[PDB]
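Data first, discussion second: the structure below is written as structure tokens.
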Amino acid sequence: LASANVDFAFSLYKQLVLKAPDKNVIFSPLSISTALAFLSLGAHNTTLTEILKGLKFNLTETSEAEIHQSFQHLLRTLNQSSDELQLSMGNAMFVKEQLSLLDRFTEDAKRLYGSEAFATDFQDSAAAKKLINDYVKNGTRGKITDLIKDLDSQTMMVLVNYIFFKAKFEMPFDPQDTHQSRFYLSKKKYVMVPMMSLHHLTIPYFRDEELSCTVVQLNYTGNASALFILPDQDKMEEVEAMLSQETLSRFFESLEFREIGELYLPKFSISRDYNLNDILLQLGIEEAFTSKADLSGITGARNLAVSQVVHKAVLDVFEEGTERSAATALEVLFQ
Amino acid sequence: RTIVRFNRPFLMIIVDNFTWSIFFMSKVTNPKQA
Ligand SMILES: COc1cccc2c1C(=O)c1c(O)c3c(c(O)c1C2=O)C[C@@](O)(C(=O)CO)C[C@@H]3O[C@H]1C[C@H](N)[C@H](O)[C@H](C)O1
């Protein structure tokens, strides 16, 4: 259940890195998993099994009904507000106004994924784009505003997921202690960045001499936490080669509380956007993109196929805390 | 006397402490990289 979403996370991470191995990578695997599981609610036969297997689910262990329930239960715990944590996730479908959808699909989409259905005039491409981008901007509180750049005027449907996360550091950095410091892109290339610093703090800690990396857990109490993995210089690629659910488990299990004299962390903002067609096809989600697509659980006919999958994510790290946002859109054409 | 200095590429994995799901994952290779 959770094991699936993590195997998919690391498979996707490695594919993302392979496309550009020295670039920043930021993404939400849950956003992508949720959007594709939502799509699978409408899929049948090989289109369906490829999606769920591509998400790394074992259909002999868990049925389709049980998978959607898992997403439903998870979705309801990711909409929270407190003095420490703002979390919100939404799903939506934007549908050509005249297109007939099965009652079962729209009922299931709202009950299991919280998705409304929005009538959309895709032939007016600029208005349809603004309608979807505004939904995502509203859901991510301004952080993701251009998820959709180009939109085929003959689009039939767009399925959208967004996630918004804002969390304050339990022990905040004092802005007076943020100073420009070197950041080493490699042993021999470095730039100056604002570097925040904290003194004398006790956090979960693990020094993995075998993997040449240090692992710490910031903001560990509560509903969420951040696991930071710091490879020794020139050892990022070796650390990436070991990433897996098993290695992540051993990281967590090996953590122990430890007083840290000084911690240095950059203050920064980065964003990435992706078209995931190549990667999803590599992960075996293939029939959904061809004229053999079976999305007849959506409309009652095999008259829809996926055209584009896009993802954008934004990360902000500052003295008081972090903000993370991501969104995924699945664009669907007629066939 | 332990120092943890994120002045080189690093990874972040954001999790739910109860469901063990991964909300976000990042590799920061250059925090100034536009
Ligand atoms: C297959 O292992 C995983 C795979 C993916 C994600 C995860 C895990 C995982 O095992 C895991 C945890 O074990 C723990 C947590 C967790 O988020 C994950 C995953 O996300 C959160 C946790 O550390 C806290 O709530 C902080 O106390 C509790 C727990 O940590 C364990 C080990 C710690 N050293 C400490 O002993 C804690 C109480 O239990």
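As shown in the structure tokens, the chain order sets the letters A, B, ...; within each chain, residues go from 1, and ligands are also counted from 1 in the order they appear.
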Could you pull the residues within 10 Å of residue 32 (chain B), counting only C-alpha atoms, minus those fewer than 3 positions along the same chain, as a list in words?
residues 24, 183, 191, 192, 193, 194, 266, 267, 268, 269 and 270 of chain A; 28 and 29 of chain B
Just N, CA, C and O atoms for this one: save the residues we selected as a compact mmCIF listing (two decimals), in the first residue's frame.
```
# COMPACT_ATOMS: atom_id res chain seq x y z
N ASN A 24 19.02 19.87 -10.69
CA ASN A 24 18.11 19.76 -9.56
C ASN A 24 16.91 18.92 -9.96
O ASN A 24 16.40 19.05 -11.07
N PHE A 183 28.88 26.80 -1.91
CA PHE A 183 28.19 25.54 -2.20
C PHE A 183 28.92 24.87 -3.37
O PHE A 183 29.00 25.43 -4.46
N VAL A 191 29.79 27.92 -5.97
CA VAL A 191 29.16 29.23 -6.01
C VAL A 191 28.94 29.67 -4.56
O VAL A 191 29.14 28.89 -3.63
N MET A 192 28.52 30.91 -4.39
CA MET A 192 28.16 31.44 -3.08
C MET A 192 26.65 31.46 -2.94
O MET A 192 25.95 31.97 -3.82
N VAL A 193 26.15 30.93 -1.83
CA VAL A 193 24.71 30.93 -1.54
C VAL A 193 24.46 31.41 -0.12
O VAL A 193 25.30 31.20 0.77
N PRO A 194 23.30 32.00 0.16
CA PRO A 194 22.95 32.24 1.56
C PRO A 194 22.81 30.92 2.30
O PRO A 194 22.06 30.03 1.89
N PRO A 266 21.34 25.60 3.09
CA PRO A 266 21.09 26.76 2.24
C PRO A 266 19.65 27.25 2.33
O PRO A 266 18.72 26.47 2.58
N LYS A 267 19.49 28.55 2.15
CA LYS A 267 18.21 29.20 1.91
C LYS A 267 18.04 29.36 0.41
O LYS A 267 18.85 30.02 -0.24
N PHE A 268 16.99 28.76 -0.15
CA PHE A 268 16.91 28.74 -1.61
C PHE A 268 15.50 28.39 -2.05
O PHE A 268 14.67 27.91 -1.26
N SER A 269 15.24 28.63 -3.33
CA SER A 269 14.00 28.27 -4.01
C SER A 269 14.36 27.68 -5.36
O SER A 269 15.21 28.23 -6.06
N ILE A 270 13.76 26.54 -5.71
CA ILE A 270 13.98 25.91 -7.01
C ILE A 270 12.65 25.37 -7.53
O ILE A 270 11.72 25.12 -6.76
N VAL B 28 19.12 18.44 -4.59
CA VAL B 28 19.59 19.81 -4.79
C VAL B 28 21.04 19.70 -5.23
O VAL B 28 21.91 19.36 -4.44
N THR B 29 21.29 19.93 -6.51
CA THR B 29 22.66 19.96 -7.01
C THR B 29 23.22 21.37 -7.10
O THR B 29 24.45 21.52 -7.16
```
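In this structure, the chain A residues at most 6 Å away from chain B are residues 2, 24, 25, 26, 27, 28, 30, 183, 184, 223, 224, 225, 226, 227, 228, 229, 230, 260, 261, 262, 263, 264, 265 and 268 of chain A, with only C-alpha atoms considered.
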Please give me, as a PDB file with C-alpha atoms, in the first residue's frame, the residues lying within 6 Å of ligand 1 when counting only C-alpha atoms and all ligand atoms.
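Below you can see result.pdb, which holds the result:
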```
ATOM      1  CA  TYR A 220      10.524  14.915  13.101  1.00  0.00           C
ATOM      2  CA  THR A 221       7.600  15.195  15.406  1.00  0.00           C
ATOM      3  CA  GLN A 245      12.673   1.024   0.001  1.00  0.00           C
ATOM      4  CA  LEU A 248      15.228   3.991   3.187  1.00  0.00           C
ATOM      5  CA  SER A 249      14.040   1.548   5.853  1.00  0.00           C
ATOM      6  CA  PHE A 252      15.105   5.269   9.381  1.00  0.00           C
ATOM      7  CA  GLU A 253      15.878   2.241  11.561  1.00  0.00           C
ATOM      8  CA  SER A 254      19.503   3.372  11.987  1.00  0.00           C
ATOM      9  CA  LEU A 255      18.583   6.894  13.148  1.00  0.00           C
ATOM     10  CA  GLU A 256      19.490   7.851  16.714  1.00  0.00           C
TER      11      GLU A 256
ATOM     12  CA  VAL B  15       7.248  11.678   4.487  1.00  0.00           C
ATOM     13  CA  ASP B  16       4.086  11.237   6.497  1.00  0.00           C
ATOM     14  CA  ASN B  17       5.189   9.764   9.822  1.00  0.00           C
ATOM     15  CA  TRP B  20       4.961   6.305   5.424  1.00  0.00           C
TER      16      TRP B  20
END
```
DSSP says strand (DSSP E or B) for which residues of region 195-224 of chain A? Put them as a ChimeraX atom specification?
/A:195-208,213-218,224
For the residues in that selection, give me C-alpha atoms as a PDB file, in the first residue's frame.
```pdb
ATOM      1  CA  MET A 195      23.658  29.565   4.156  1.00  0.00           C
ATOM      2  CA  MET A 196      21.471  29.350   7.261  1.00  0.00           C
ATOM      3  CA  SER A 197      22.947  27.962  10.445  1.00  0.00           C
ATOM      4  CA  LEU A 198      21.852  26.558  13.801  1.00  0.00           C
ATOM      5  CA  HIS A 199      23.917  25.691  16.874  1.00  0.00           C
ATOM      6  CA  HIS A 200      23.455  22.943  19.414  1.00  0.00           C
ATOM      7  CA  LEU A 201      20.477  20.966  18.450  1.00  0.00           C
ATOM      8  CA  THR A 202      19.397  17.367  19.026  1.00  0.00           C
ATOM      9  CA  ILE A 203      17.973  15.547  15.995  1.00  0.00           C
ATOM     10  CA  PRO A 204      17.809  11.978  14.701  1.00  0.00           C
ATOM     11  CA  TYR A 205      21.167  11.217  13.141  1.00  0.00           C
ATOM     12  CA  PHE A 206      22.865   8.374  11.299  1.00  0.00           C
ATOM     13  CA  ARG A 207      26.359   8.333   9.790  1.00  0.00           C
ATOM     14  CA  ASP A 208      26.451   5.606   7.119  1.00  0.00           C
ATOM     15  CA  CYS A 213      26.663   9.683   3.659  1.00  0.00           C
ATOM     16  CA  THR A 214      25.116  11.356   6.672  1.00  0.00           C
ATOM     17  CA  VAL A 215      21.355  11.154   7.225  1.00  0.00           C
ATOM     18  CA  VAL A 216      19.445  13.477   9.545  1.00  0.00           C
ATOM     19  CA  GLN A 217      15.762  13.997  10.264  1.00  0.00           C
ATOM     20  CA  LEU A 218      14.541  17.529  10.698  1.00  0.00           C
ATOM     21  CA  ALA A 224       5.299  14.748   8.778  1.00  0.00           C
TER      22      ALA A 224
END
```
What lies within 10 Å of residue 33 (chain A) using only C-alpha atoms, ignoring chain neighbours under 6 positions off, as a ChimeraX atom specification?
/A:4-5,8-9,39,51-52,54-56,71,161,328
I'd like the neighbourhood of residue 286 (chain A) as a count of residues only, where a residue qualifies if any of its atoms comes within 10 Å (using only C-alpha atoms), though same-chain residues fewer than 3 positions away should be ignored.
16
